[PDB]
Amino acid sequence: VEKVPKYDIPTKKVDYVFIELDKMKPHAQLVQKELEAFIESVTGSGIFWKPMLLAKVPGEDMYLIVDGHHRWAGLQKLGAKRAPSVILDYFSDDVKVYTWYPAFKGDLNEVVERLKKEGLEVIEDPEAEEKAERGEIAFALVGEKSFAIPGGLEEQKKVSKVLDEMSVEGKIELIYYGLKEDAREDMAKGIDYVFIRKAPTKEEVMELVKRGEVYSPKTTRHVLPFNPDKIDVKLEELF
């Protein structure tokens, strides 16, 4: 579930280009539920109406998937070969990369035991949010108390893996907030805990994919200068 801060992003009529799926590099782990929903949707209508958003990888004949992991992964699993895509000026100042702030209403202790059991630490720390925003720890866990979860990407992934299982189990009301202050505004209405990491930079996203590595789901949150207008492409054109 997603809460976004009413971003008036303009639709623009930008033409698409067909790009081969094997030229596209993911930056996030897939979510099988989203992959599955896309497969049902595209095979149902037979129309692919929403182009990929790509960025050229410097120094490679490859493209970063900015938006479209489950379209990409879904087309591949169907045996398709290309997707209509819009190529972004990614390093333009007009493109911004934020993160998501996974927040939860629910009980802290079940989450701690599940986090601790995967090898993560949860040390109580009133500078945890400050450390996390500087990128010094993996996550700050902020509710009634503040806790630091140390480490880097490996630890962040473990945290995401645990949260998604407990969202699957129904032990928390997992909402990914676009902005953490909206998680704190809703927190004051009386959310329980909010996870905060430093946002990825564009440069880090590109580095990670050149390494053949990926983030957890809901790590990047791109704010773009436009949404492409809808397109008229038949599924059969993609094979």
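All residue numbers refer to positions in the sequence shown, first residue = 1.
Unmodelled residues of the deposited sequence between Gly59 and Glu60: none, the chain being continuous.
Stretches 101-109 and 81-89 differ in mean CA B factor, with 101-109 having the higher one. When the mean C-alpha temperature factors of 29-37 and 48-56 are read from the deposited coordinates, 29-37 comes out higher. Among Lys157, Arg71, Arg114, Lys96, the highest C-alpha B-factor recorded in the PDB entry belongs to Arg114. The PDB entry assigns its highest CA temperature factor, among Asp67, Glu213, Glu204, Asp182, to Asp182. Split the chain's modelled residues into thirds by C-alpha temperature factor. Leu120 is in the highest one. Annotation for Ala199: CA B-factor lies in the middle third of the chain's modelled residues.
Ranked by Cα temperature factor within the chain, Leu163 sits in the highest third according to the deposited record. Residue-level temperature factors show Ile9 in the highest third of its chain, judged at the C-alpha atom. In the deposited entry, the Cα temperature factor of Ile175 places it in the highest third of its chain's modelled residues.
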